[PDB]
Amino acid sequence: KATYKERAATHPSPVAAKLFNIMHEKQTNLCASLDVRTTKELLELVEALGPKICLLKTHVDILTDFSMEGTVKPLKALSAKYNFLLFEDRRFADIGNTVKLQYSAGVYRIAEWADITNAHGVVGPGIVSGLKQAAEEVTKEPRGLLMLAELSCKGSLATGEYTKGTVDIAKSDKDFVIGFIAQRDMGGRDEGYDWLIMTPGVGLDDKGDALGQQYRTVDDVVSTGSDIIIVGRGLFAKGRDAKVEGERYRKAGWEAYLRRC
(Lines of atoms letter the chains of each structure in order from A and count residues from 1; the text may use other names and numbers.)
(Lines give C-alpha, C1' and ligand atoms only; values in the text may rest on other atoms or scores of the structure.)
Protein backbone atom coordinates (compact mmCIF):
# COMPACT_ATOMS: atom_id res chain seq x y z
CA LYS A 1 0.00 0.00 0.00
CA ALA A 2 0.99 3.63 -0.47
CA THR A 3 2.09 5.71 2.52
CA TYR A 4 -0.51 7.14 4.90
CA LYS A 5 0.57 10.55 3.59
CA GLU A 6 -0.22 9.53 0.00
CA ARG A 7 -3.52 7.88 0.89
CA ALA A 8 -4.63 11.05 2.68
CA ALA A 9 -4.11 13.14 -0.46
CA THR A 10 -6.32 11.02 -2.72
CA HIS A 11 -8.96 9.48 -0.46
CA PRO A 12 -12.62 10.15 -1.42
CA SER A 13 -13.78 10.21 2.22
CA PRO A 14 -12.99 13.43 4.12
CA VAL A 15 -12.93 11.66 7.47
CA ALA A 16 -10.51 9.02 6.14
CA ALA A 17 -8.29 11.70 4.59
CA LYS A 18 -8.28 13.49 7.96
CA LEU A 19 -7.27 10.29 9.76
CA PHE A 20 -4.44 9.43 7.34
CA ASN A 21 -3.08 12.96 7.76
CA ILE A 22 -3.24 12.63 11.55
CA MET A 23 -1.30 9.36 11.30
CA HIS A 24 1.30 10.88 8.99
CA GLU A 25 1.75 14.12 10.97
CA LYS A 26 1.97 12.43 14.40
CA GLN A 27 3.78 9.30 13.24
CA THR A 28 1.17 7.05 14.79
CA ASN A 29 -1.17 4.27 13.72
CA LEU A 30 -2.25 3.55 17.30
CA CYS A 31 -5.91 3.41 18.31
CA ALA A 32 -6.49 3.39 22.08
CA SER A 33 -9.44 1.46 23.53
CA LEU A 34 -10.05 2.61 27.10
CA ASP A 35 -13.05 0.69 28.39
CA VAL A 36 -13.35 2.24 31.84
CA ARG A 37 -16.63 2.92 33.66
CA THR A 38 -16.17 6.58 34.67
CA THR A 39 -15.92 9.76 32.64
CA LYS A 40 -13.26 11.05 35.05
CA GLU A 41 -10.87 8.17 34.41
CA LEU A 42 -11.65 8.12 30.69
CA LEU A 43 -10.71 11.78 30.35
CA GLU A 44 -7.53 11.31 32.38
CA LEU A 45 -6.36 8.39 30.25
CA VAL A 46 -7.34 10.12 27.02
CA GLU A 47 -5.30 13.20 27.86
CA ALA A 48 -2.26 11.10 28.74
CA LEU A 49 -2.55 9.19 25.47
CA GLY A 50 -3.67 12.03 23.21
CA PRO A 51 -0.21 12.86 21.81
CA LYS A 52 0.43 9.24 20.90
CA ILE A 53 -2.79 8.14 19.22
CA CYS A 54 -4.57 8.80 15.94
CA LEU A 55 -7.91 7.42 17.14
CA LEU A 56 -9.84 6.60 20.32
CA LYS A 57 -12.32 3.70 20.22
CA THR A 58 -15.12 4.35 22.70
CA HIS A 59 -18.09 2.67 24.34
CA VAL A 60 -19.83 5.64 25.95
CA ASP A 61 -22.70 3.25 26.64
CA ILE A 62 -20.73 1.48 29.40
CA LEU A 63 -20.01 4.65 31.39
CA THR A 64 -21.81 5.01 34.71
CA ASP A 65 -22.07 8.78 34.27
CA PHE A 66 -22.43 9.68 30.61
CA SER A 67 -23.64 13.16 29.70
CA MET A 68 -23.23 15.47 26.72
CA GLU A 69 -21.77 18.29 28.83
CA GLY A 70 -19.72 16.14 31.18
CA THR A 71 -18.42 13.48 28.79
CA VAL A 72 -18.74 14.47 25.13
CA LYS A 73 -17.81 18.13 25.49
CA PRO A 74 -14.51 17.42 27.29
CA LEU A 75 -13.80 14.47 24.98
CA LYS A 76 -14.22 16.62 21.87
CA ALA A 77 -11.98 19.26 23.47
CA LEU A 78 -9.25 16.63 23.90
CA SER A 79 -9.70 15.32 20.36
CA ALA A 80 -9.20 18.86 19.05
CA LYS A 81 -6.36 19.69 21.44
CA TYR A 82 -4.34 16.55 20.73
CA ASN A 83 -5.57 15.92 17.18
CA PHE A 84 -7.11 12.43 17.10
CA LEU A 85 -10.51 11.15 15.97
CA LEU A 86 -13.32 9.45 17.89
CA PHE A 87 -14.72 6.04 16.98
CA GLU A 88 -17.81 4.79 18.85
CA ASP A 89 -17.77 0.99 18.63
CA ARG A 90 -21.58 0.61 18.76
CA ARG A 91 -21.76 -2.11 16.08
CA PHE A 92 -25.14 -1.09 14.69
CA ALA A 93 -27.33 -3.94 13.48
CA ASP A 94 -30.77 -2.58 12.58
CA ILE A 95 -32.20 -0.59 9.69
CA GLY A 96 -34.72 2.07 8.80
CA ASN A 97 -35.63 4.98 11.01
CA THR A 98 -34.81 3.02 14.16
CA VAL A 99 -31.11 2.73 13.35
CA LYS A 100 -30.97 6.31 12.07
CA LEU A 101 -32.18 7.63 15.42
CA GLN A 102 -30.00 5.19 17.38
CA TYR A 103 -27.10 6.86 15.59
CA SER A 104 -28.25 10.49 15.45
CA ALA A 105 -30.35 10.99 18.55
CA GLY A 106 -31.58 9.38 21.73
CA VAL A 107 -29.42 10.13 24.76
CA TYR A 108 -26.02 9.40 23.23
CA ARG A 109 -26.45 11.43 20.00
CA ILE A 110 -23.47 9.55 18.58
CA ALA A 111 -23.44 11.16 15.13
CA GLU A 112 -23.11 14.61 16.68
CA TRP A 113 -19.62 13.86 18.02
CA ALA A 114 -18.25 10.49 16.84
CA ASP A 115 -16.15 10.87 13.68
CA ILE A 116 -16.37 7.15 13.02
CA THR A 117 -18.67 4.27 13.91
CA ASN A 118 -19.27 0.70 12.73
CA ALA A 119 -21.97 -1.66 11.48
CA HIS A 120 -22.65 -5.33 10.77
CA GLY A 121 -23.27 -6.36 7.20
CA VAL A 122 -26.05 -8.81 8.11
CA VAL A 123 -28.85 -6.21 7.86
CA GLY A 124 -28.02 -5.35 4.26
CA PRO A 125 -26.84 -2.18 2.41
CA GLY A 126 -29.63 -0.04 3.84
CA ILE A 127 -27.59 0.42 6.99
CA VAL A 128 -24.98 2.32 4.96
CA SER A 129 -27.36 4.76 3.24
CA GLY A 130 -29.39 5.04 6.44
CA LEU A 131 -26.54 5.99 8.74
CA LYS A 132 -25.09 8.36 6.13
CA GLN A 133 -28.38 10.28 5.88
CA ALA A 134 -28.72 10.39 9.66
CA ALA A 135 -25.25 11.94 9.90
CA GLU A 136 -26.12 14.57 7.30
CA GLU A 137 -29.23 15.49 9.29
CA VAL A 138 -27.45 16.40 12.53
CA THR A 139 -23.92 17.47 11.63
CA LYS A 140 -21.77 19.13 8.99
CA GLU A 141 -18.59 17.48 10.24
CA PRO A 142 -17.07 14.60 8.22
CA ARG A 143 -18.36 11.15 9.22
CA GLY A 144 -17.32 7.61 8.31
CA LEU A 145 -18.39 3.99 8.78
CA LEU A 146 -16.40 0.79 9.26
CA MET A 147 -18.01 -2.52 8.30
CA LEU A 148 -17.68 -5.79 10.24
CA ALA A 149 -17.19 -8.38 7.49
CA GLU A 150 -15.57 -11.14 9.55
CA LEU A 151 -16.10 -11.67 13.29
CA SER A 152 -13.51 -13.16 15.64
CA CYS A 153 -15.84 -14.40 18.38
CA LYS A 154 -16.19 -18.16 18.76
CA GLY A 155 -19.00 -19.66 16.72
CA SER A 156 -19.64 -16.49 14.72
CA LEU A 157 -21.62 -16.94 11.50
CA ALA A 158 -19.39 -14.67 9.41
CA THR A 159 -18.74 -17.22 6.64
CA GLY A 160 -16.86 -16.56 3.43
CA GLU A 161 -20.19 -15.86 1.74
CA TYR A 162 -21.21 -13.50 4.55
CA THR A 163 -17.89 -11.68 4.35
CA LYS A 164 -18.18 -11.25 0.58
CA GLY A 165 -21.66 -9.84 1.04
CA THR A 166 -20.40 -7.36 3.61
CA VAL A 167 -17.51 -6.33 1.38
CA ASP A 168 -20.04 -5.76 -1.41
CA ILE A 169 -22.02 -3.55 0.96
CA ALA A 170 -18.87 -1.58 1.81
CA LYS A 171 -18.28 -1.09 -1.93
CA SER A 172 -21.61 0.74 -2.22
CA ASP A 173 -20.24 4.05 -0.93
CA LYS A 174 -16.54 4.92 -0.84
CA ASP A 175 -17.33 8.43 0.41
CA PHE A 176 -18.83 7.06 3.63
CA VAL A 177 -17.61 3.49 4.20
CA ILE A 178 -13.93 3.94 4.97
CA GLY A 179 -12.87 0.42 5.83
CA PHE A 180 -13.23 -2.55 8.17
CA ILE A 181 -12.42 -3.80 11.62
CA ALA A 182 -10.47 -6.85 10.44
CA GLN A 183 -7.48 -9.15 10.98
CA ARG A 184 -6.23 -9.00 7.40
CA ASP A 185 -6.03 -6.99 4.20
CA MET A 186 -9.36 -6.95 2.36
CA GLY A 187 -8.06 -6.04 -1.09
CA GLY A 188 -10.14 -3.61 -3.12
CA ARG A 189 -7.20 -1.65 -4.52
CA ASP A 190 -7.69 -2.94 -8.08
CA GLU A 191 -11.26 -1.62 -8.08
CA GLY A 192 -10.43 1.81 -6.70
CA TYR A 193 -11.08 1.33 -2.99
CA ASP A 194 -8.60 2.36 -0.31
CA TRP A 195 -9.89 0.80 2.88
CA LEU A 196 -8.61 1.46 6.37
CA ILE A 197 -7.94 -1.85 8.08
CA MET A 198 -8.21 -1.44 11.85
CA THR A 199 -7.08 -4.44 13.84
CA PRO A 200 -7.85 -5.34 17.49
CA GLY A 201 -6.29 -8.19 19.47
CA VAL A 202 -2.77 -6.80 19.27
CA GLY A 203 0.11 -7.05 21.72
CA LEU A 204 3.90 -7.00 22.02
CA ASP A 205 4.33 -10.57 23.31
CA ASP A 206 5.69 -9.45 26.68
CA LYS A 207 7.39 -12.04 28.88
CA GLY A 208 5.21 -13.35 31.69
CA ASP A 209 2.14 -11.55 30.36
CA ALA A 210 -0.40 -14.31 29.71
CA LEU A 211 -3.28 -12.00 28.80
CA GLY A 212 -1.13 -10.13 26.29
CA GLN A 213 0.19 -13.36 24.80
CA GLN A 214 -3.31 -14.19 23.57
CA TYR A 215 -2.92 -11.49 20.91
CA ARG A 216 -0.96 -11.22 17.67
CA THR A 217 2.10 -8.98 17.68
CA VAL A 218 2.18 -5.44 16.36
CA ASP A 219 4.61 -6.40 13.60
CA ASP A 220 2.58 -9.49 12.68
CA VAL A 221 -0.59 -7.56 11.97
CA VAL A 222 1.02 -4.48 10.43
CA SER A 223 3.27 -6.51 8.12
CA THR A 224 0.13 -8.37 7.00
CA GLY A 225 -1.95 -5.35 5.99
CA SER A 226 -3.24 -3.71 9.16
CA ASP A 227 -3.25 0.09 8.96
CA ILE A 228 -4.22 0.84 12.55
CA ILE A 229 -3.62 -1.22 15.68
CA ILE A 230 -6.32 -1.14 18.36
CA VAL A 231 -4.81 -1.61 21.82
CA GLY A 232 -6.70 -1.65 25.11
CA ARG A 233 -5.79 -2.70 28.65
CA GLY A 234 -2.18 -3.18 27.61
CA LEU A 235 -1.96 0.61 27.68
CA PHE A 236 -3.15 1.27 31.23
CA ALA A 237 -4.16 -1.78 33.27
CA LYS A 238 -2.33 -3.52 36.11
CA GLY A 239 -0.51 -0.37 37.21
CA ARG A 240 0.96 0.52 33.82
CA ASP A 241 1.91 4.06 32.82
CA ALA A 242 -0.33 5.16 29.93
CA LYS A 243 2.14 7.70 28.55
CA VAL A 244 4.93 5.13 28.56
CA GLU A 245 2.82 2.38 27.00
CA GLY A 246 1.30 4.81 24.51
CA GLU A 247 4.77 5.69 23.27
CA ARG A 248 5.91 2.06 23.28
CA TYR A 249 3.03 0.82 21.15
CA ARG A 250 3.11 3.92 18.94
CA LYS A 251 6.80 3.44 18.25
CA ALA A 252 6.36 -0.27 17.57
CA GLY A 253 3.43 0.25 15.24
CA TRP A 254 5.16 3.02 13.31
CA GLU A 255 8.41 1.07 12.98
CA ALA A 256 6.43 -1.91 11.67
CA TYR A 257 4.67 0.40 9.19
CA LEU A 258 7.96 1.87 7.95
CA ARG A 259 9.32 -1.64 7.45
CA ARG A 260 6.47 -2.93 5.31
CA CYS A 261 6.84 0.19 3.16
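We number the residues from 1 along the sequence you see.
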Item to complete: Compare the mean C-alpha B-factor of 174 to 182 with that of 152 to 160 as given in the PDB entry, and name the stretch with the higher value.
Response: 152 to 160
Worksheet item: Mean CA B-factor: is it higher for 35 to 43 or for 201 to 209?
Response: 201 to 209
Item to complete: Name the residue from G130, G121, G144, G187 with the greatest C-alpha temperature factor listed in the entry.
Response: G187
Worksheet item: Against its chain's modelled residues, does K76's Cα B factor rank lowest, middle or highest third?
Response: middle
Worksheet item: By the record's CA B-factor, is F236 among the lowest, middle or highest third of residues in the chain?
Response: highest
Worksheet, complete the sentence: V244: CA temperature factor from the record, placed by chain third, in the highest
Discussion item. Ranking the modelled residues of this chain by C-alpha B-factor as given in the entry, is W195 in the lowest, middle or highest third?
Written reply: lowest
Worksheet, complete the sentence: Of the three thirds of the chain ranked by Cα temperature factor, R91 occupies the lowest
